[PDB]
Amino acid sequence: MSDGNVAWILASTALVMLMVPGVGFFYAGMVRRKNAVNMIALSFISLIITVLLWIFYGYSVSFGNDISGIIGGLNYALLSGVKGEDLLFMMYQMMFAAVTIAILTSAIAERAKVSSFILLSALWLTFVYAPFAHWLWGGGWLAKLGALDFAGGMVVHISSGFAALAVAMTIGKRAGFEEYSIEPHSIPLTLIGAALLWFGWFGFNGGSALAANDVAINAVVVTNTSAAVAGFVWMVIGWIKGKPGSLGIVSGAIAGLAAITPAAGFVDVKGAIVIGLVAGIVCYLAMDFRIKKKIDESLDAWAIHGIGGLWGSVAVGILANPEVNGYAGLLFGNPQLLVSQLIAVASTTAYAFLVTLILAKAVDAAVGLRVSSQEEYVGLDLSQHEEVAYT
């Protein structure tokens, strides 16, 4: 199987798994002390629930026998018939799902019932994630019309980003959101999460070539490039508006990482530089805008991942360099790729937002998404986990 290739993907899988709690730490540092445990716990739960559902039927629904090009059959339920390298792919893909669910927790920070999140997550994984994976990577209709997504610009970032926006709108602002700022209880904790996310992204984008080859190497180069550019942009903006806070710096880096994800294996360093530069700017604008509109999409999964993934997914159609991976974009003489990307981006963006909206309201109506005001007041660590973060 090429031990080298198996080695790299085994490693990449471990790396993406680390990103799940990595998201938890990243988010936890930004919420109040009384909700720190909850924020982290959500990422671990996201991992646990994802592994089970993926095995049970999630994998099959994403990559099983195609039906009308919109979803896969149940031929791989309980991994029936999944062997050898297919097992590794299943496992690697399983982790992409988990990270996606964790990113989404941005929209429910400090005020959701754990039980409700689990229910919603299970439904979302079933009706939004699996379909997307199938459409783009499971031989679905989007792949058929030529759409590309190297590492999940759409499958992972647009989905969680826009789903987060829908969820935030459904669950409502946190008490005191408009009145006064919620201060991050531990920026260092968030920076630890940020370090784990950058590190794990090596397996995320680099492992998406599914081999230890020139494409993986390219993905690693441009991934770091876009991250550095977007992080530099936010640093500049930070200075332009005051002082460069560390949160803005790593938030910018992540914008660049999300934007390059769908294009990591198709563009060159120059293209990577454009992608990161634009990502830094548009994502910052997106953040400012949702803030202006007073939407409590708390940790900016939308502005960063949603918008970053949207831009990067479209950028693929403009900058794909055939000398890099055969595929060519607009600037390389091929208008068709751009149209495939726009269709894919338009489709995934609308579906993620609208369907999540339906699922969120459904669950809210069925069991209620938000915790009581008093639980929100005492904090979810105590009220939802009967634990205290620090003593």
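Residue numbers run from 1 along the displayed sequence.
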{"item": "190 to 198 or 243 to 251, whichever carries the higher mean Cα B-factor", "value": "243 to 251"}
{"item": "40 to 48 or 343 to 351, whichever carries the higher mean Cα B-factor", "value": "343 to 351"}
{"item": "Highest-ranked of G203, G280, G309, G138 once sorted by CA temperature factor in the record", "value": "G138"}
{"item": "Given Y180, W234, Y92, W302, the residue at which the Cα B factor reaches its maximum", "value": "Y180"}
{"item": "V31, C-alpha B-factor rank within chain (lowest, middle or highest third)", "value": "lowest"}
{"item": "Lowest, middle or highest third - CA B-factor, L120", "value": "middle"}
{"item": "CA B-factor placement of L380, once the chain's modelled residues are sorted into thirds", "value": "lowest"}
{"item": "Ranked against its chain, the third holding the CA B-factor of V23", "value": "lowest"}
{"item": "B-factor third for the C-alpha atom of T223 within its chain", "value": "lowest"}
